[PDB]
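J.: Got a structure for you, written out below as structure tokens; questions coming shortly.
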There are 8 protein chains.
Amino acid sequence: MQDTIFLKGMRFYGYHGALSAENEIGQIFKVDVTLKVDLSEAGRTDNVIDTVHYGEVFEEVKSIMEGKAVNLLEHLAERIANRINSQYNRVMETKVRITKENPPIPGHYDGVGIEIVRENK
Amino acid sequence: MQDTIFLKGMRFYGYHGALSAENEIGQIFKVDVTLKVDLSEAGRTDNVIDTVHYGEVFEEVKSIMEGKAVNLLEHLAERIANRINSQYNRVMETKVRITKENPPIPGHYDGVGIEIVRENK
Amino acid sequence: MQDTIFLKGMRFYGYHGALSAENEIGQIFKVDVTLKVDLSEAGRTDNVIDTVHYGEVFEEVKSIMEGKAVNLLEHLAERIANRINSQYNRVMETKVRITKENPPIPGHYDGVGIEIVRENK
Amino acid sequence: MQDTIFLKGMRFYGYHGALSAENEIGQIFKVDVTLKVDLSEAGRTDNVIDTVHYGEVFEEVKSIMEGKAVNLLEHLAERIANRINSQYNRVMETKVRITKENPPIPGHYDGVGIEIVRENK
Amino acid sequence: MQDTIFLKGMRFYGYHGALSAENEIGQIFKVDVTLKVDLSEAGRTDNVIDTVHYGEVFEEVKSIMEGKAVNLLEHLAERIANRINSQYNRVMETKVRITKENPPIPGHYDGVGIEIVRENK
Amino acid sequence: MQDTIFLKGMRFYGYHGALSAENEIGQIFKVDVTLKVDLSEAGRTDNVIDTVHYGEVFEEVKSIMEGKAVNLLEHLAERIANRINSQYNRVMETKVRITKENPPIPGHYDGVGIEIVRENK
Amino acid sequence: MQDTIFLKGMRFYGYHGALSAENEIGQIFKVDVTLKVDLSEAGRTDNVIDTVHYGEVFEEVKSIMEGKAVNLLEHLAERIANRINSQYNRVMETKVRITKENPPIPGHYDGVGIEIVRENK
Amino acid sequence: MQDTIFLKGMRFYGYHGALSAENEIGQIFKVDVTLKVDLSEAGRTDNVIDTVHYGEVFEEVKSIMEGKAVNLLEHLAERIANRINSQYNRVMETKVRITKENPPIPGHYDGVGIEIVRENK
């Protein structure tokens, strides 16, 4: 089953980071969420109730990304995957990618970050 | 067998969406279609009749994307995969990705959407 | 005097537009603000008090862009130019460019919008 | 008076070109239209009737770009400027830029084209 | 063994295509070549003779892409894979992706094309 | 008179540069040419003979850019402007911009170069 | 005289900013330098000694951008313009644009900054 | 286990290359590093000590990329993978991709390079 629902390049200004100065200044966090969902029923019915609504997922991601500052991207993604998996039984698995395009790293690069994949129990 | 025929970033202005206001205003839908097709005969012959012509596939996608408004991206992709699989026996499997880069979601992101993979029976 | 202070590509999700459905759904508005300010005193002193702080300008633009929905981009820009000119005497002139990259226009384009230039009286 | 109304990156698939093969195959034409219009009345009133509506301008450009094939970009732009100037008295001047990003020129480049500026008589 | 040598976005102006007018006008062809090669010996030695030189591969691709016009992308890629596999025993497998970003297809898209994967016998 | 004919982002691999190693290795040179030409006759007539054909201009630029290596971008642009001005009396003035996106400069930047403007005598 | 020598998108990781936390963490600063220089002698001679060498200019910009942290972009640009004007008599005027693409501003934008123009006395 | 820590588009100006002239002039090297690391402990704890810090990894990559010039990209990547695997036991496997976007290859392309994957022993 290779069907997926996705939200790409969601950007949020947050205050996460292990560094005091990061928590103070903040920075933009980029998030990609890919959900493993069987979309054949919805494909047949065209009824919004047979799939997972992207809008609701974005709201979840946003509440976590723009909420309380934490140290790690690993913890933020863990919270998001866990939030999506808990509320939607149709989601078989949640992939969360978080990128800091402008972390406190003296250099030239496109971004740094983490990606996790959590199956829905 | 890893050969594929592809059509990337096809853009169509349509009126699909579960929201009345979406159906009224419309928006751009981005579509990626990847077809699993054995291309060694055509690679040998160079005869257009031994492969699936991209132009015809684009026409199919377009007729569905620019036709009657439906609620879901899942239904549109289901219709496209089913259209391509039905008309081309050489297509072993059809992957359809549809992205709403500007849905009615208050936020900053690159796009939201779905992706399905349907084997040709 | 060709010195300027600028804020490029500020994006805000708003509900402006002459169309009911626009006011309901909203869309992203892109804003560029260019301020004609003599920067030689600040260039000499390095004292933040001798120039116009970008951060404060962004806050002004944001309050207008994310506030009450209006019909026209012309009115939004008029309000922004007028806001910046009123609060900063050092600003000799304000240029405001607002772009709707995804208006209710059935077609393929990069964006539509307006640009105004208002001297500070 | 430096106020302007603009439409950027409008893309149309057309058949214009001095070459038979161009007329047969077609290609994408990119168009930028910038209109010199005094926007202070609309800025004050917020009444759509005090400005030139972008949507109507796009429709004009489209009718010309997707209509009968002509040889030159110069002729297409002349027709567009003349169309906009004729129908909108508030437009003091019309700038039309047309780019062929993929003309029949053996080489590597971003685009070729013309730009004209026509005052409204 | 997941090591690879790659050449991305190689662009050539050619005359391939099943349509007479294409053969006459030409267009840009974009090519991506990915080679499965064990790079640990070279990683150890740092001796250019223990790997496949990208420069030579580009020359091969170029000779085929800028040579005689053929009808299909499938045939061009077949010729390239076969050329690379024949001359380099260290290449375990060759992936060739060819994209026509501007084919004779009336529409808005990013590109169309094919991708093949050929193991070296 | 603000009409112009333009050729943007023309790329050529050349061997120009004041450094021996540059002459040996080469690099990509990006060229923008803007020609001041009155386009109203052509706009009226639609006859290709009343304007300057972009294709011929590209050929001129190419012959100079891909010809004998010289030390300076200033000399290459001088030769191009002079070539275009000499052969086309309708060109009132020629602007030539040449950019070395990857010169032998240890750093991170988008490009370096020169731009000249030469009126046709 | 419209000839210019330019350096675009020079990026440096620095510690400038009026905020303590900025000085601590740092961020990327983007710089554009445009120099008004008469390039006809060099265009004629092709002798590197008749123009201003971009490489030397980049070194100057770099020494200032990667040196001691200051509060304002206005002061950094003033120092750069003054450095270039002092060392090169052929430079008739120096334009310096500095952009903070990721300042401590909670929002979504492309960049903020200043631009100055200083004639060489 | 599909969790990863990544650093994308790290750019360094170096002097690597099998060609004398490359070693003399240098060029920009683009590096992508993807690390297979189990991030569930850190996801739970939010303690920076339970994961691999990106900042330290960037420093390692940088020391190798900006250090002594070597002939091959294969050798540079081998050194990086080996450096990361040696210092971090939590890294189960290291993927290193190095791209020369502007090698001494007369042509038009996006980049050439190699990618290796090394499991941590």
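Letters A, B, ... mark the chains of the structure tokens in the order given; residue numbers begin at 1 per chain; ligand numbers begin at 1, in order shown.
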Fewer than 2 positions away in the same chain doesn't count, so skip those; otherwise give me all residues within 12 Å of residue H:87, counting only C-alpha atoms, as a list in words.
T.: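 Final neighbour list, sorted by chain and number: residues 52, 53, 56, 57, 60, 80, 81, 82, 83, 84, 85, 89, 90, 91, 92, 94, 120 and 121 of chain H.
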J.: So that I can see what lies close to residue F:79, please list as a PyMOL selection string the residues with an atom at most 12 Å from it, counting only C-alpha atoms and leaving out residues fewer than 2 positions away in the same chain.
T.: (chain F and resi 60-65+67-68+70+72-77+81-86+94-96+116+118) or (chain G and resi 40+42-46)
J.: Would you output that residue set with C-alpha atoms, as an mmCIF file, in the first residue's frame?
T.:
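Full text of selection-v6.cif as output:
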```cif
data_model
loop_
_atom_site.group_PDB
_atom_site.id
_atom_site.type_symbol
_atom_site.label_atom_id
_atom_site.label_comp_id
_atom_site.auth_asym_id
_atom_site.auth_seq_id
_atom_site.Cartn_x
_atom_site.Cartn_y
_atom_site.Cartn_z
ATOM 1 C CA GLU F 60 26.821 37.117 -32.834
ATOM 2 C CA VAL F 61 27.108 36.898 -29.066
ATOM 3 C CA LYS F 62 27.945 33.174 -29.351
ATOM 4 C CA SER F 63 30.714 33.673 -31.961
ATOM 5 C CA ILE F 64 32.436 36.137 -29.599
ATOM 6 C CA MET F 65 31.792 34.229 -26.332
ATOM 7 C CA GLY F 67 35.763 32.254 -29.779
ATOM 8 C CA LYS F 68 39.315 33.241 -28.835
ATOM 9 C CA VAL F 70 40.645 37.169 -23.909
ATOM 10 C CA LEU F 72 38.602 40.720 -19.671
ATOM 11 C CA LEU F 73 34.843 40.620 -19.555
ATOM 12 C CA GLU F 74 35.114 44.351 -20.436
ATOM 13 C CA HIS F 75 36.775 43.456 -23.772
ATOM 14 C CA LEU F 76 34.284 40.691 -24.589
ATOM 15 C CA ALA F 77 31.297 43.027 -23.949
ATOM 16 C CA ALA F 81 28.225 45.830 -28.328
ATOM 17 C CA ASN F 82 30.404 46.917 -31.205
ATOM 18 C CA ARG F 83 29.350 43.872 -33.276
ATOM 19 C CA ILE F 84 25.618 44.484 -32.732
ATOM 20 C CA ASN F 85 25.827 48.256 -33.256
ATOM 21 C CA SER F 86 27.814 47.837 -36.492
ATOM 22 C CA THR F 94 23.374 48.169 -26.905
ATOM 23 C CA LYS F 95 23.614 47.057 -23.276
ATOM 24 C CA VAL F 96 25.798 44.041 -22.569
ATOM 25 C CA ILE F 116 28.320 48.319 -20.379
ATOM 26 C CA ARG F 118 27.146 51.679 -25.917
ATOM 27 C CA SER G 40 35.920 51.627 -22.382
ATOM 28 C CA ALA G 42 39.777 48.167 -20.657
ATOM 29 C CA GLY G 43 37.297 47.256 -23.384
ATOM 30 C CA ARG G 44 39.838 48.548 -25.895
ATOM 31 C CA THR G 45 43.048 47.310 -24.288
ATOM 32 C CA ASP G 46 42.014 44.036 -22.660
#
```
J.: Among stretch 10-57 of chain D, which ones does DSSP assign to strand (DSSP E or B) (computed from the backbone)? Answer as a VMD selection string.
T.: chain D and resid 10 to 14 27 to 37
J.: Using C-alpha atoms, can you export the residues from the last selection as a PDB file, in the first residue's frame?
T.:
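Dumped everything to out-v6.pdb:
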```
ATOM      1  CA  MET D  10       1.326  35.273 -17.362  1.00  0.00           C
ATOM      2  CA  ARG D  11       1.944  32.149 -19.426  1.00  0.00           C
ATOM      3  CA  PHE D  12       0.060  31.159 -22.544  1.00  0.00           C
ATOM      4  CA  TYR D  13       0.630  28.358 -25.023  1.00  0.00           C
ATOM      5  CA  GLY D  14       0.437  29.937 -28.451  1.00  0.00           C
ATOM      6  CA  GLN D  27       5.463  27.132 -27.397  1.00  0.00           C
ATOM      7  CA  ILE D  28       4.861  28.957 -24.096  1.00  0.00           C
ATOM      8  CA  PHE D  29       4.885  32.782 -24.191  1.00  0.00           C
ATOM      9  CA  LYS D  30       5.523  34.650 -20.923  1.00  0.00           C
ATOM     10  CA  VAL D  31       3.933  38.118 -20.559  1.00  0.00           C
ATOM     11  CA  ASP D  32       4.415  40.956 -18.042  1.00  0.00           C
ATOM     12  CA  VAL D  33       2.063  43.927 -18.164  1.00  0.00           C
ATOM     13  CA  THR D  34       2.655  47.078 -16.095  1.00  0.00           C
ATOM     14  CA  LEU D  35       0.067  49.820 -16.092  1.00  0.00           C
ATOM     15  CA  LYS D  36       0.670  53.413 -15.008  1.00  0.00           C
ATOM     16  CA  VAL D  37      -2.526  54.237 -13.044  1.00  0.00           C
TER      17      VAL D  37
END
```
J.: What parts of chain G does DSSP call alpha helix (DSSP H)? I'd like the answer as an MDAnalysis selection string.
T.: chainID G and resid 20:25 40:45 54:65 73:87
J.: Could the residues in this selection be written to a file with C-alpha atoms, as an mmCIF file, in the first residue's frame?
T.:
```cif
data_model
loop_
_atom_site.group_PDB
_atom_site.id
_atom_site.type_symbol
_atom_site.label_atom_id
_atom_site.label_comp_id
_atom_site.auth_asym_id
_atom_site.auth_seq_id
_atom_site.Cartn_x
_atom_site.Cartn_y
_atom_site.Cartn_z
ATOM 1 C CA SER G 20 23.017 40.723 22.150
ATOM 2 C CA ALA G 21 21.666 37.354 21.038
ATOM 3 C CA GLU G 22 22.439 38.212 17.375
ATOM 4 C CA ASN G 23 26.068 39.018 18.257
ATOM 5 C CA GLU G 24 26.236 35.627 20.030
ATOM 6 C CA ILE G 25 24.581 33.403 17.379
ATOM 7 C CA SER G 40 35.920 51.627 -22.382
ATOM 8 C CA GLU G 41 39.712 51.796 -21.913
ATOM 9 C CA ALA G 42 39.777 48.167 -20.657
ATOM 10 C CA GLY G 43 37.297 47.256 -23.384
ATOM 11 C CA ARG G 44 39.838 48.548 -25.895
ATOM 12 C CA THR G 45 43.048 47.310 -24.288
ATOM 13 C CA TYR G 54 36.485 42.046 -8.751
ATOM 14 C CA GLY G 55 38.639 39.692 -6.737
ATOM 15 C CA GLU G 56 40.222 42.578 -4.813
ATOM 16 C CA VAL G 57 36.832 44.153 -4.175
ATOM 17 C CA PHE G 58 35.444 40.847 -2.775
ATOM 18 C CA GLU G 59 38.434 40.669 -0.426
ATOM 19 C CA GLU G 60 37.614 44.161 0.886
ATOM 20 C CA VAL G 61 33.944 43.389 1.397
ATOM 21 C CA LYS G 62 34.880 40.112 3.139
ATOM 22 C CA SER G 63 37.368 41.745 5.564
ATOM 23 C CA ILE G 64 34.612 44.134 6.713
ATOM 24 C CA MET G 65 31.730 41.599 6.730
ATOM 25 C CA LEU G 73 23.941 47.317 8.371
ATOM 26 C CA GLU G 74 24.152 51.085 7.642
ATOM 27 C CA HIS G 75 27.597 51.229 9.317
ATOM 28 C CA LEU G 76 28.882 48.094 7.575
ATOM 29 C CA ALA G 77 27.836 49.434 4.126
ATOM 30 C CA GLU G 78 29.312 52.881 4.939
ATOM 31 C CA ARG G 79 32.615 51.190 5.767
ATOM 32 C CA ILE G 80 32.547 49.112 2.523
ATOM 33 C CA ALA G 81 31.648 52.046 0.239
ATOM 34 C CA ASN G 82 34.293 54.132 1.932
ATOM 35 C CA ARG G 83 36.865 51.314 1.590
ATOM 36 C CA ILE G 84 36.215 50.838 -2.145
ATOM 37 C CA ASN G 85 36.068 54.568 -2.927
ATOM 38 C CA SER G 86 39.331 55.232 -1.054
ATOM 39 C CA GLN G 87 41.380 52.538 -2.780
#
```
J.: When you draw a straight line from atom CA of residue H:39 to atom CA of residue H:51, how long is it in Å?
T.: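 Between these atoms lies a distance of 6.7 Å.
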J.: Hey, can you check how far atom CA of residue G:98 sits from atom CA of residue G:4?
T.: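 Between these atoms lies a distance of 18.2 Å.
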J.: Contacts between chain B and chain G, please, where a residue of chain G counts if it comes within 12 Å (with only C-alpha atoms); show its shortest atom pair and distance in Å to one decimal, rows by chain and ascending number, as CSV.
T.:
```
residue,atom,partner,partner_atom,distance
G:107,CA,B:108,CA,9.9
G:108,CA,B:108,CA,7.8
G:109,CA,B:108,CA,10.5
```
